[PDB]
Amino acid sequence: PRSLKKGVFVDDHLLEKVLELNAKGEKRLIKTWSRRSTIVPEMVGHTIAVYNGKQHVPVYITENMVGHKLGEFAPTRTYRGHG
Amino acid sequence: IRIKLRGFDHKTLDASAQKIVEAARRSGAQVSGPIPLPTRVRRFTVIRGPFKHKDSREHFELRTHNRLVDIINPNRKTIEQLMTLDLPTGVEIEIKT
Amino acid sequence: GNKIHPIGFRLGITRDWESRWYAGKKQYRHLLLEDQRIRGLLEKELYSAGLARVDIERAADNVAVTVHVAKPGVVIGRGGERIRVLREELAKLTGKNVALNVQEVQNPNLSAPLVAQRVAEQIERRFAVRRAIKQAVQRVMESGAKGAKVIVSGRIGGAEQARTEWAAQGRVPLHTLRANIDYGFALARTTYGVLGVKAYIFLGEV
Amino acid sequence: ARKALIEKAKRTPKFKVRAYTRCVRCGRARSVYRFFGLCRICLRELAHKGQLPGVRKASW
Amino acid sequence: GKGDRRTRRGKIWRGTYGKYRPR
Amino acid sequence: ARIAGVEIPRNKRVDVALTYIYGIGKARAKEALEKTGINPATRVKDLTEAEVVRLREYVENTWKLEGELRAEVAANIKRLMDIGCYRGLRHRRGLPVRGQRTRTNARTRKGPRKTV
Amino acid sequence: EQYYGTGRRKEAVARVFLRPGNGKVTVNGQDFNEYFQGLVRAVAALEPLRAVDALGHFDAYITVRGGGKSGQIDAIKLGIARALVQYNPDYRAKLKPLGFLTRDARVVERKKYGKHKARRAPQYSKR
Amino acid sequence: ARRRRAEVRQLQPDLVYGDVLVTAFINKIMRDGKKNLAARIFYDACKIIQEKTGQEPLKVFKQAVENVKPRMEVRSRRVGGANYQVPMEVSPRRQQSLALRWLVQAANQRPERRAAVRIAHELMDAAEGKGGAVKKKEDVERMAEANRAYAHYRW
RNA sequence: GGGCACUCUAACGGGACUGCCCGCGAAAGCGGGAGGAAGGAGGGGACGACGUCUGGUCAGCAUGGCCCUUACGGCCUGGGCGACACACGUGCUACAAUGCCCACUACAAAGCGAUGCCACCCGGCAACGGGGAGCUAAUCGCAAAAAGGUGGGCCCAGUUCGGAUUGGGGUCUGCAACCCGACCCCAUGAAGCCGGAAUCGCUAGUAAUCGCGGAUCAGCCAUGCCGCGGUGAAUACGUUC
Ligand SMILES: [Mg+2]
Ligand SMILES: [Mg+2]
Ligand SMILES: [Mg+2]
Ligand SMILES: [Mg+2]
Ligand SMILES: [Mg+2]
Ligand SMILES: [Mg+2]
Ligand SMILES: [Mg+2]
Ligand SMILES: [Mg+2]
Ligand SMILES: [Mg+2]
Ligand SMILES: [Mg+2]
Ligand SMILES: [Mg+2]
Ligand SMILES: [Mg+2]
Ligand SMILES: [Mg+2]
Ligand SMILES: [Mg+2]
Ligand SMILES: [Mg+2]
Ligand SMILES: [Mg+2]
Ligand SMILES: [Mg+2]
Ligand SMILES: [Mg+2]
Ligand SMILES: [Mg+2]
Ligand SMILES: [Mg+2]
Ligand SMILES: [Mg+2]
């Protein structure tokens, strides 16, 4: 996985948004295209309407899911099965 | 005293590798016979057909024959006359000491 | 859907290449384009002249171009004008010590491509397909030749049904390397389709 | 959709990964070659045409 | 073997070297 | 269960015989044998009561094992299956997790094919 | 004061020099059977000299290079009887019939295209 | 084939007993073209057989094959609406081919663990007259005689 | 030191012509011998007949015309081509002892290599990292080949067989490995005991089996493809099917 010599890479733009609400006043319903961008410990609480090719899935983050990426809570596939 | 010859047409490459042996010898004084540096074959394999048909190809190779030459007993009468050389086209040459 | 190309099948055996020069792993992909590019412009401007084959030699910052055309007068122009106006727009794009000769064609009809080109005109002149195809061969065989062939495939006679019709005369063996079979396909653009125009010429065996 | 691609390709990429090989002549996406700057198709074409220096068919 | 990793041949198989194929 | 949390077979070499212990593998074999200085060629049966505990003891307080070892990787997954990340759905269905193939193959998390 | 011969076998080549020795064998340094530690087809290459009795009547300095052993040992064999002629031009008989004074071009077949190998082909589902 | 009579490959006699027959057997032993391996398990089995039988095992397996040489097998001939197990005087080349294909076949059958062990043990029995190696032959030669009603259909 | 003997290399040539003997022959040729490294096309290669399948390919290019014209064009972020109760094709590994492991010891080729090939040193169990010499490359590097051998272990178990699966822990590349990269280490070790009907390949350095290079290429999901050599069989009565 992503190097450690190479720090946790966030889009930086997705990143200003969050810290802009962390002290100035959270929270609002952002609609990120950022999936690469790891979840981060200034983002919990927020309602990052992450995108997935077609729409923005709201996913309120918590102290039980961050080390992953935003591409890991907005599914790209919808599969109720076969038959 | 190194002189290197390089080209694709071995025939032309050779024909060159002779004059520079004929020449420097006359003016002198000592020259080391040509040595055919083995060939770096750059082959390329492409399917004949312009679409599928994996099973019918056609090879096309590239032959970079190479010839190295020297001048033991050098002499500038050799050198001077050397810069006056009508060496063919398909050939690159290098000279070292 | 089979026959192997006769020129690549006689390179260094029966017929030597055109662009003559050796480049390293670094300039040779570039040289190719600069040479291909040249054959582009010439094939457009010399087209009227009757271009047959453009040899290219390189060396050091320079590059030698040979042009074999049966009618050198056109490409040259007054006192070399047309031929002299080509040594400027020439290096304009290529940009490097560039020469440009113009060899004299003993007989053009002994030039397969230069033969097929003509016919390709005629057909676009609405002539008789089956006619000239035979016409050319007689002209070739009268041209001291001992082997000639001309092939035409496509919507013949305007017809919706495609079709291949071709003629020959004398010896034209296609598995004989010791046998200079000149080659050359000229193409015809037509309101009603396109016509591939193939033509082979046995000039002799050494 | 083509000539926009053949153009876009040549222009300098935003990132180097996005710089991507083509056939300057024909413009075939795949089976292209850096050594020549061509496609596999043209490769066999100018090859038989001999307009490919030093390179000939193979046989052994 | 050839498929296994924690082994010389399995790594020889897949052209890598590690704790069981030392350079 | 002469061995912490399980009875290892006998007439076989200690080093190897430990692998019949959840979370005890080759890489961990020599370690304790090295740490317990117990020659791996001697058979467990042939072991010494003192060796047994030394090879028992040290093995018992440097890693997790068996029960508490299955106890971890479950929650590690159940959480996933709670947060519902992609590896969660791949477990929430019983599907491949490491980008594996799904049109075919993967017949290990699908088990024998089920008729249609 | 020396007898040298050359023998090849596949990609393998050998330069065999026969010398009036007890029967020792120097093949690229170490001893014959040392450089052949456990190869049954070993004592084969030595069969020529055995065809004319000369097993013990000589030592030989031996190089070998190209391909593997099986090609080498055979190539060895080749150059020795190759030599016996230069020490008995009448020794053709007693080798030629045996065939040891003969090289074979039983060489490889180039992997041919559309074939997995030079002959093996990919199976198919006809219908 | 359809042209003429194929040729018989004459092999290079072994390097221990000077026999082509031996050279033939190792082949059947030789898997994946591992002659050194094959050559071992043989001359290895040649050792165990020596220890338990102090007669030159060269002769042993010189014998245990003739005992394996089948004289008559059956071959199916489907003349008209039926196929007939028409038996035929087996051929020499083939008989060696037949004997050379069950000893190993019956050796590989054998339950003992090491290669040279089995291969040898099949060597002995045939020298006596025991083992599935003799079984095939035995069964083969009599089904034929159990079908002696089709010799007129011979070829 | 020197030396072209030799190995090797790459250009030019010799060489097999059924040309000599016996033989059945009308001739053409067939059998066999000797001589020759090699014999009756030397082994293979590239070489594809007028032609067939209204064969494939407007998605490489060309081009007939018809259709699209703030769109059926163009750039961009995300996302699919990697989905998944199933039904085939082509492979990888296997199910073991003529085997698996650990260590130790030799033997190729054709290739590739300048923000390339990476020596040697050092960090780390490692992938790898960091230093650093050398090579416009018959020098120098990738680089070790593996099967093999010499020793020791494994004693017939779903095992020291298999490495699927999953957790955990990182590298490296890349702006970015979430769907979606591979390399390294740990622990887990699933199915599988030679596979029904049916079916494939190969005739000699072939099949079998070991491994190695290169093109495509930032990395590459490659067990592929094209090539490269190593070791090395069985069998062909016959032509009914
Ligand atoms: Mg903040
Ligand atoms: Mg009109
Ligand atoms: Mg294992
Ligand atoms: Mg365990
Ligand atoms: Mg060679
Ligand atoms: Mg091979
Ligand atoms: Mg004959
Ligand atoms: Mg176009
Ligand atoms: Mg077009
Ligand atoms: Mg159109
Ligand atoms: Mg886009
Ligand atoms: Mg996408
Ligand atoms: Mg696809
Ligand atoms: Mg199925
Ligand atoms: Mg399949
Ligand atoms: Mg297990
Ligand atoms: Mg299981
Ligand atoms: Mg089961
Ligand atoms: Mg065949
Ligand atoms: Mg590469
Ligand atoms: Mg590979």
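Residues numbered from 1 in each chain as written, not as in the entry; some residues may be left out. Chains lettered and ligands numbered in written order. Part of a larger assembly, values for the part shown. Heavy atoms only, no water. Residues with missing side-chain atoms left out of burial classes, pairs and counts.

Caption draft 1: Summary view of the nonpolar core. Within the largest apolar cluster, 36 residues are counted, with the highest numbers of intra-cluster contacts made by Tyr28(C), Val54(C), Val65(C), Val67(C), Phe36(D) and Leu52(D). Listing elements by their share of this core, those giving two or more residues are β3 (44-47) and β4 (57-70) of chain B, α1 (28-45), β2 (51-58) and β3 (62-69) of chain C together with β2 (38-39) and α2 (40-48) of chain D. Ranked by the residues each element gives to this core, the list is headed by α1(C), at five residues. Residues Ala38(H), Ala39(H), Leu103(H) and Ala106(H) belong to the second largest nonpolar core, which totals 34 residues. (Core = buried A, V, L, I, M, F, W, Y, C linked by side-chain atoms within 4.5 Å. Buried < 20%, exposed > 50% of the residue type's maximum accessible area, 1.4 Å probe, protein only. Helix = DSSP H or I, 4+ residues; strand = E, 2+ residues; numbered from the N terminus.)

Caption draft 2: Representation of the side chain of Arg110(H) within the structure. Residues and elements named next belong to chain H. As for its placement among the helices and strands, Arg110 is situated in the loop between α5 (103-109) and α6 (115-128). Of the polar contacts made by the side chain of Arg110, one reaches the side chain of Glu112; its length is 2.4 Å. Within polar-contact distance, the side chain of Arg110 engages the side chain of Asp125 at 3.4 Å. Setting aside its immediate chain neighbours within four residues, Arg110 contacts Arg118, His121, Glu122 and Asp125. (Polar contact = N/O pair within 3.5 Å; in protein donor to acceptor, adjacent residues only side chain to side chain. Contact = heavy atoms within 4.5 Å.)

Caption draft 3: Expanded view of the side chain of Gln72(G). For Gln72(G), the location among the structural elements is in helix α4 (residues 69-87). Sequence-distant contacts of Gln72(G), that is, excluding residues within four places in its chain, are made with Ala12(G), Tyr35(G), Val64(G), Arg65(G), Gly66(G) and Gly67(G).

Caption draft 4: Representation of the packing of aromatic side chains in the model. Going through the model one piece at a time under the given rule, you end up with 27 aromatic pairs over all chains. Where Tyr28(C) meets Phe36(D), the ring centres are 5.7 Å apart and the plane angle is 70°; that geometry is what we call edge-to-face. Here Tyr28(C) is found in helix α1, whereas its partner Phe36(D) is found in the loop between β1 (32-33) and β2 on a different chain. Where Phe42(H) meets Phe61(H), the ring centres are 6.3 Å apart and the plane angle is 75°; that geometry is what we call edge-to-face. Of the two residues, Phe42(H) sits in helix α2 (residues 35-52) while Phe61(H) sits in helix α3 (residues 57-66), which places them 19 residues apart along the sequence. The class of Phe42(H) is buried, set by a relative accessible area of 2%. (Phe/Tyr/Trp six-rings, centres within 6.5 Å; stacked < 30°, edge-to-face > 60°.)

Caption draft 5: Representation of the protein's contact with RNA strand I. Around RNA strand I there are 198 residues in total, and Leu4(A), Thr76(A), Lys19(E), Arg13(F) and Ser70(G) lie nearest to it. The share of sugar and phosphate among atoms of RNA strand I within 4 Å of the protein is 81%. For RNA strand I, a phosphate oxygen lies 2.9 Å from a polar atom in the side chain of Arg18(D). For the surface near RNA strand I, the element with the most residues is strand β2 (residues 35-41) of chain B, which contributes six residues. (Near = heavy atom within 4 Å.)

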